[PDB]
Structures are given as structure tokens and as C-alpha cells.
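Please read the structure below before turning to the comments.
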2 protein chains.
Amino acid sequence: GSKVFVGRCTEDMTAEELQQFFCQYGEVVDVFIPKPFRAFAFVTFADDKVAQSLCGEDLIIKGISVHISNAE
Amino acid sequence: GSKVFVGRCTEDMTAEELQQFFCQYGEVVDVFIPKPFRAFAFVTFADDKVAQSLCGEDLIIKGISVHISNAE
DNA sequence: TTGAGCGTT
DNA sequence: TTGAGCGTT
């Protein structure tokens with residue numbers, strides 16, 4: 001389980017931006033942003049341990065609090 | 001401003017544990033835990049950028065959500 | 001605040 | 001859910 005769900009994304013948050021933000025924690029291998037805009041994203045890590053360490057956290061991306069959960 | 005306040009600490013959270021947890025983000029140079037127990041701590045980073053990136057986040061340490069704020 | 005497309009045990 | 005101690009512009 002190396003994919004996380006990222007809730008409360010804003011529309012200006014691009015895949016590049018999310019990847020740049022999330023790769024601070026470990027290698028990111030994919031980002032999925034729904035189209036049309038649905039205010040969430042999925043971020044996939046190479047390492048399971050990295051994804052699990054983020055679950056349950058609320059992180060600040062460009063001043064916005066996003067919630068991290070397991071991807072199902 | 002390279003020091004953060006860590007709110008909602010639990011008593012079992014030792015200085016070593018907090019340092020181990022927080023050094024994932026960057027070099028940690030000090031940890032202060034009040035005695036007697038007051039359910040918060042201060043963590044000092046070598047790098048200001050690291051402290052600022054954490055402010056406003058809620059992080060999970062041993063299953064517990066702690067809130068990160070600027071140290072004043 | 002839980003996604004696709006290909007193409008079928 | 002905002003700390004010490006040393007020792008004084």
C-alpha cells in the first residue's frame with residue numbers, strides 16, 4: 001500500500017506541484033488528479049513505509065491544509 | 001525562526017523519540033520537553049526553511065496527532 | 001475528501 | 001497546545 005489519498009486539494013494544485021511537495025518524504029512515482037476538478041488527488045510512493053507515515057496527517061501545501069489517507 | 005512548538009504531546013514521548021521523528025525533515029539541534037508534563041515540546045532545527053514548512057501541520061507520532069506551530 | 005482503461009475467472 | 005538560567009541597557 002504505497003498510494004495515499006490527498007483530500008482538500010485546490011484547483012491550482014498541479015501534478016508537478018504535488019510531486020515536488022511530496023517527494024520531500026521519498027520518491028514519488030505517480031500523481032493522479034481527477035478531471036474535472038474534485039478537490040482530491042492520489043500520490044504514489046516507491047516506498048510503502050513513506051506512504052504509511054503520512055496517513056492521518058494534515059499537511060500544508062501553499063498555505064492549504066490537505067488531509068492524507070490511505071488510497072482504497 | 002528555526003524552532004517549532006509541538007502541541008498535544010503525550011507523556012511517553014521522549015526527547016530521543018521526538019528528535020528521531022523530526023530529523024526526517026532536517027537536522028534537529030535541540031528538543032525541549034517541560035517537566036513536569038505539560039503536553040507540549042519545542043524542537044529546534046538547524047535550517048529555518050524546515051521549521052517553517054512544518055508550521056500549521058498536524059503530524060502523527062506513534063498514532064497521536066500533534067500540532068506544529070511557531071515557537072514564540 | 002477515494003481515480004482508468006483495457007478487456008475478462 | 002508557548003520553555004531556563006544566568007545575571008543586567
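For the C-alpha cells, the naming scheme is as follows: chains receive sequential letters (A, B, ...) according to their order of presentation, residues are indexed from 1 within each chain, and ligands are indexed from 1 in presentation order.
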
In chain A, DSSP alpha helix (DSSP H) residues written as a list in words:
residues 15, 16, 17, 18, 19, 20, 21, 22, 48, 49, 50, 51, 52, 53 and 54 of chain A

Residues of chain B within 12 Å of chain A, counting only C-alpha atoms, what are they? List them as a list in words.
residues 21, 23, 24, 25, 26, 50, 52, 53, 54, 55, 56, 57, 58, 59, 60, 61, 62, 63, 64, 65, 66, 67, 68 and 69 of chain B

Within 7 Å of chain D, which residues of chain B are there when counting only C-alpha atoms (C1' of nucleotides)? Please give them as a VMD selection string.
chain B and resid 5 7 to 8 32 34 40 71 to 72

Provide the atom CA of residue 16 of chain B to atom CA of residue 28 of chain B distance in Å, to one decimal place.
10.8 Å

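Atom CA of residue 48 of chain A lies 21.5 Å from atom CA of residue 17 of chain B.
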
Report as a VMD selection string: the residues of chain B with a DSSP assignment of strand (DSSP E), based on the backbone of this structure.
chain B and resid 3 to 7 28 to 32 40 to 45 58 to 61 64 to 70
